[PDB]
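[1] the amino acid sequence is not available; the structure is as follows:
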Ligand SMILES: [Cl-]
Ligand SMILES: [Mg+2]
Ligand SMILES: [Mg+2]
Ligand SMILES: [Mg+2]
């Protein structure tokens, strides 16, 4: 029995120190929602293989997770929202591995539970206060870049792979000079037989400094320090530092501990730390199993990364805009307010942890800028693909069109034009003084 | 167009150097399997935002993944198996982050593809040859333990949490003395307010040495070195080493780079390295998205861990026995032969990488030993929960029953008794000379 | 018996993973070629001192080298080509010491074999994939120098020895300013009573920077870091680095392990690594014993050096041009195709290892440039001796004549002039606008 | 070349009416409003000269516009920017910053390469006009 | 106490017929078969004395059983074990190892605690019988 | 002094017919052909300005020659070079690079010696024309 073993407590009162989780539970055909919740609770805590004297040597109750609330998923008769409470003393301070191990690991249910997704977490203030939060954060990153009141612009180098150091630097230089604030290594580009990492870093720095001298702006290139071992990541991070890079990147696949290690390094060495997280990882459009991205957003803001890809509403990624708005809030706000439509199940105080910058990447172009400003706000990095590199007039020109479109939309937003309704005419008034933009707009309206 | 852009090549000939992936693809309602495969291929390689001059500066074709074979999933009209080839030069030698980033990251398909699971990988010999493989491996681990011809026995400390160092060591000592080869820290037990890690390690070592002096065997306790940063993991690993521990453990949630870093440390310091991986992580019984566990098994054997939980067939985890047999083969064999029923889609030579030991954990007891020996073989660690700690006669006694049952079944296997059919009578002949086993057998036959 | 002990297997099938060697074997007067080959095979593997029980504890067959093919040397009744196969698992990954120890060490034959030369090796792809290959490589070295489409020019400082730091720097400066891309330390100049190494390095750097400021080119001087111990080599390498040298050199006599150590250092510190190997070492024009230079070329490309002296066809070194062409291919091509006239006995895939630059050194002058371009191609460093320093008009002038002659020949090659037939008229049209060249051409045509 | 520091520097120079509408934005965001000027246009010159103090609690754009034009008259051969500071908790920083005057001609920057260890280079940029004293610039 | 090194040491001592059936197993696994003995029963004593060489290519258990009993007669107050070695590629090692003789009485081990830095201890175990010369043991 | 970056810079400046024959070479090597220009002639200035994109799949030298002469007209007081890029696997890089225009006069470089630890010096070279803004060079 699980409901009778302590694990189900409808009368439990949550404390300000509890860690809370909301699971979307799908119970075994002919099993009770209460027993299902209880199972999930009892598995992610004290595993009852029946009768254990050694429990009575400890304050047993304290270590047991409590299923305290179950609601039917509205619009789905067979799925339930189970709310579970965990005592703060179960968790290692400052450790994402320990948090994730504790919650999504122990949580079984073979006989009572058919499917389980983690939807949201309420990390209590005193727990959050044990984490560094973003190495830099939005406010500091903007002070370092001297860039205020607009989204930042970036793109990945095209092609992803195959360019030598020198031809790679060429792209970086053209794009930066043309208008972009940042260029980036692809998540795949680490160190490979077609190009090892040291020459890339060396030519990139030349490109970046050339571009700053040609524009009078701070410029950056996300040098990918992702590697197989920590010592190797440190070596790559240490060259970015040495050469004066403003920014590096890491791939979420390095995993939690390497991320925390890197977040602390970026804090200690004045480096902006961009995290790459695949928008369409095979582990994507689930309703059944896994964990929702909002939970990743909470943990990564706690770990201490400065940028993470959060989604668009439009373009190629077909997001529910209100769910996305919910990911942005998680990343940016000092306090989150429950709002079921955004998929935020808990109020949450962020304990003055710094802000992470959302990144919008994926099939976006200059003709959607009104929708992009309207859905995503001004604290965002917008990343355009062959939206820049494949301008018929050159990479510089592609960059210029994106940058003009952005400034023009922000100017109209600030003037209080109904830029969502009048967005196309706004872009067309801008293109009038800007041939590269005129050329950009014609291209993505004729068919594509 | 994706099928017309190079990405679909039905005539492609795979090379011995190619990295191959098999995805279970579910195409968008009214999209073609060929276009779906092509999309997956074209996303996990050169992202075609249409027209990019810079491609012509590189040997473009080389960097493009090839969809080369599509089969309808037999028993599922709407799902397809897409086989994709990747050139070896795309991949950083020795890097799991790079492999996983390359394959499951870039792989999108918003407009053509509804769902995608990675089912299997063919890592070519020359690639595998770039990885360390298990720090110790099965053969060496058995030489260090002086334990041949039988599964090893372990259990997790009960309760998971809350015992002081001294009462924690007590359990470890009783269980080891009673018969178990190993005791383990729970994946949740790192360092917490109820117990910090140094006192645990210190009392555990006393227990382990007491148990060796009481039995004349090598004994071990998996000390969990899981921590938030690399320096912290190293500190914990360095105390296990200093105190003479035979074995440590890490949680898969530390992530790939910390795992590789730890695998190299365990190789360099003569330490067996057990990896904890949740058998029922929310990311479990999927048919739709994610990646199949056999792929994790390949990557972890490459990374270099010595143990990983691979499943049972029986007990609480309701596995398809033939799929499980497939996970074991991945871990243990020097060569894998395609076998669709086991879910192995490729032949694969393991390039003389050492063997990883499967761990069977989860609702198993001494009365199923015939099924356990028959399904799982002799190279396995069998972990029994309150199957030991909650014996009415004591922890020592619980350990003894499990150990006798195991030896008795292996003895009958070697005598060529049809131990699967006559398993209950075999256990009953053993219990005749063993009260603890008699007591164990009565308990799990009366009801449970 | 050796042919009857397993070592001779005419029916053996080579695998893609085997390491293969081709020995030129001269059997004892009145001994059989089959027994001779077998002896060589059986000596470089499991030494049969007759009856050894301990073999049966191992997969014995695996460790035995197989003589699998014997051909009579065409044009030599008494000599045979023996082809021997070795399992990949015999060899330490990444270790030239282990490779050379394994192959040319164990290989005896007192009673069956009179003389033995190693002619060629087929290193399998998966083995080659375990080595770094060139620290820089040709493509990267040219990107760093901004020098494309022509051979590079160098010379050794004359005299070899005796100049103080300051007078030594003088020569370096004059020669570089006059046209040469590189100047070099002699292999003999390390650190000696007439001149210690630190002052040399300090004055050389001044010369090199003066020469770059006088020409607008990247200039280099091979600073010799050769020393008696590793710590001493590292100290010398670390000063070259600190002072900003583009290039260092080492002598092949430091030996394999110091070479690998230095190759890894040059990769990690962005330094071009030139290897000095004596063109006429006492260990030179053999047909009987030792190993052929093509094998050294394979191992040094694997170890990771960036330049090695490969020979001329003309000048003072009297090479067979087709054998030399074979050394160049070994160094430069991504794939080698068997070609018996070039002395390449195996096809070989280079596994995307970087290219080593051949160096042509030895009694060459500006009047042979057509033959030099025709035999040696454009990826080569041409080193001229007193062909530069002993120009009657000065070192600068000597450098200029060599550089003009080179550019003029490459220009005629690109125009598709039959520059081999019309080479003298090409040089004479160039000398018309170039007095230093006119003076050079008159000097080496009047007698010498 | 055109210096592209500023929120709207990829647009044409702002008219007085556009400038007015941006002041209105800042007013409704409740920002302090500063006017700063410089003729050392280095991107890491964080501290331009202040033209007066920032204006707090502003309700009418006209006094802001008057001071912009007074600065334009006193300092016509300088860069002049308008900055909006937020005092909102967890921001406490500039949230908008745009150019309202540029010199008639921009010569740009010199790139200095000091060669260091191996292939690495230490970089400086130096605005050409900064090779001259302040009163001789632009 | 009972020393529990060995595959079957938690079972009662094996009869000759049980021993016979285990030899048959090893024969069908194609193992080399060794007989080793010791009266230093430390778990890290990797090298017991060999009673003869291992038997290779064995087809009949009787000669194995004869040597086990000859060792039992010569060395009755010793531990005696039977080991099966595999020559299979990627194993090349013992795959079974079991006790076929124990001394009549086992006194066990002494635990030594040498106190080291802070709270750490360096441990040794010493079999009590090893405090005596070999010919006085058990 | 004459800057000797370039494959043929020790030869006299190439005539249009010589230039034509080098384009033919590149065409038969199947290179992409780029035109780049600069008036910062530092040897570590890896990135000259591109005059248009590289020309791919070229079959007739005339359009290449037309763009060289158009660049010569627009940028006569610049260095102008022609670059040939190979896409051949394991090369993927420039394989030829030569000057097709030089300024009428080259002043050269300044050598800077920053004194460091012991006797070591940190060196920079600075092209003299780079002490002036781009539009005042040569
Ligand atoms: Cl400095
Ligand atoms: Mg991204
Ligand atoms: Mg486990
Ligand atoms: Mg030489």
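    Perfect, I can see it now. Numbers count the residues shown, from 1 in each chain, chains lettered A, B, ... in the order given. Ligands and ions are numbered 1, 2, ... in the order given.

[2] excluding its backbone neighbours, what's nearest residue A:137?
    Ranked by C-beta to C-beta, 6 or more residues apart in numbering or on different chains and with sequence neighbours excluded, the top spatial neighbour of residue A:137 is residue A:354, at 2.9 Å. Any C-beta I mention is one placed from the backbone N, CA and C, and that applies to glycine too.

[3] any idea how far residue A:271 is from that neighbour?
    Using C-beta to C-beta, to the nearest Å, one obtains 14 Å as the distance from residue A:354 to residue A:271.

[4] next: residue D:62.
    Counting by C-beta to C-beta, the gap from residue D:62 to residue A:271 is 44 Å.

[5] of these two, who's got more company?
    Taking neighbours as other C-beta atoms under 10 Å in any protein chain shown, residue D:62 and residue A:271 compare with residue A:271 leading, 22 against 11.

[6] spatially central residue for chain A, please.
    The centroid of chain A falls nearest to residue A:308 when counting by C-alpha atoms, centre = their mean (3.4 Å).

[7] what's the neighbour count on residue 50?
    This is for chain A. Neighbourhood size, residue A:50 [other C-beta under 10 Å]: 10.

[8] correction: the question concerned chain D.
    12.

[9] my guess is it contacts residue D:32, does it?
    No. Residue D:50 is not in contact with residue D:32 according to C-beta atoms under 8 Å; the separation is 11.7 Å.

[10] can you pull the contacts of whichever residue of chain A sits closest to chain C?
    Closest to chain C within chain A is residue A:193: 4.1 Å, counting by C-beta to the nearest C-beta. Residue A:193 sits next to B:89, C:352 when contact means C-beta atoms under 8 Å, 6 or more residues apart in numbering or on different chains.

[11] could you measure it against residue C:133, distance?
    In this view, residue A:193 and residue C:133 are 9 Å apart by C-beta to C-beta.

[12] equivalent analysis for residue A:348, please.
    With C-beta to C-beta as the criterion, residue A:348 and residue C:133 are 52 Å apart.

[13] which element, helix or strand, includes residue A:249?
    If you go by DSSP states H and E, residue A:249 is part of strand A:247-251.

[14] mind listing what that strand pairs with, with the direction of each?
    Sheet pairing here is set by DSSP bridges, and for strand A:247-251 it gives strand A:220-224 (parallel), strand A:272-276 (parallel).

[15] mind checking which of the ones you listed is nearest residue C:224?
    Distance to residue C:224, taken as C-beta to C-beta, is lowest for strand A:220-224 among these, at 33.9 Å.

[16] now the phi/psi pair for the spatially most central residue of chain D, please.
    Centroid-nearest residue in chain D: residue D:81, 3.5 Å away (criterion: C-alpha atoms, centre = their mean). Residue D:81 adopts backbone torsions of phi -130, psi 160, taken as degrees, to the nearest 10.

[17] report the separation between it and chain B.
    Separation of residue D:81 from chain B (C-beta to the nearest C-beta, to the nearest Å): 36 Å.

[18] can you check residue D:14 too?
    Taken as C-beta to the nearest C-beta, the span from residue D:14 to chain B is 33 Å.

[19] all strands for the stretch 101-250 of chain A, in order.
    Per DSSP state E, counting those that start in this stretch, the stretch 101-250 of chain A has strands spanning A:113-122, A:152-154, A:182-184, A:220-224, A:247-251. These are given in chain order.

[20] got these as TSV, with distance to residue B:38 and mean neighbour count columns?
    As requested, the strands of the stretch 101-250 of chain A are exported to TSV (distance: least, C-beta to C-beta, whole Å; neighbours: other C-beta atoms under 10 Å in any protein chain shown):
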stretch	distance to residue B:38	mean neighbour count
strand A:113-122	30	22
strand A:152-154	28	24
strand A:182-184	26	27
strand A:220-224	27	28
strand A:247-251	25	27
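
[21] pipe those into JSON lines and attach distance to residue E:114 per row.
    Supplementary listing: the strands of the stretch 101-250 of chain A in JSON lines, determined by distance: least, C-beta to C-beta, whole Å:
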{"stretch": "strand A:113-122", "distance to residue E:114": "48"}
{"stretch": "strand A:152-154", "distance to residue E:114": "61"}
{"stretch": "strand A:182-184", "distance to residue E:114": "57"}
{"stretch": "strand A:220-224", "distance to residue E:114": "50"}
{"stretch": "strand A:247-251", "distance to residue E:114": "45"}
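
[22] ligand 2: which of the ones you listed is closest?
    strand A:182-184 (7.1 Å; C-beta to the ion).

[23] and that closest one, how far out from the chain middle?
    17 Å (C-alpha atoms, centre = their mean, to the nearest Å).

[24] cool, stretch A:126-143 as well?
    With C-alpha atoms, centre = their mean, you get 14 Å for stretch A:126-143.
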